[PDB]
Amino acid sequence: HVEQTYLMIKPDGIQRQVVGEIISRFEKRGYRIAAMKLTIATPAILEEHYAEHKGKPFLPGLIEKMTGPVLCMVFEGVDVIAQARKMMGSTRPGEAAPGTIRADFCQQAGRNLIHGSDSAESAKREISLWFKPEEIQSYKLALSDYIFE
């Protein structure tokens, strides 16, 4: 039984030119790329993305930092929502575990490279916000017999 999560490379991931390295970390576990799109995030879409943080003092600066090129992604795998969060590490890179993306690449929460859905509910909502359905691709990995039980 697999699930899908929404992962987004933030503008610092694009500008520091580590997109391929990020993707390789998820491919290495046999997670399937179900969707991938480069766009430029705008305030209106970012306000919906970060709707839970509406009204807060730190939202305007977050929206400014996120206004930039992003790579929207959907990955599929066993427990991939929680696992992708674990692989990203803590929001604050200084608290993130060695070997996580944020610990290996970053210094501060405001420039922490990547976003990942925090729950099944947020994954459904975020995939619907950033992708049209035709952009979610269904296919099977040829190495499935060696990735799954």
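Counting begins at 1, following the sequence as shown.
Asker: Between 46 to 54 and 103 to 111, which has the higher average C-alpha B-factor in the PDB entry?
Answerer: According to the PDB entry, the answer is 46 to 54.
Asker: Of 130 to 138 and 15 to 23, which one has the bigger average CA B-factor?
Answerer: On average, C-alpha B-factors are higher across 130 to 138.
Asker: Can you pull the Cα B-factors for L59, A97, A34, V70 from the entry and say which is highest?
Answerer: Reading the PDB entry, the winner on C-alpha B-factor is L59.
Asker: For the CA B factor values reported in this entry, which option in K65, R92, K28, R85 has the top one?
Answerer: Spelled out: the listed residue with the top C-alpha B-factor is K65.
Asker: Hey, what third does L38 fall into on Cα B-factor, ranked over its chain?
Answerer: It falls in the middle third of the chain.
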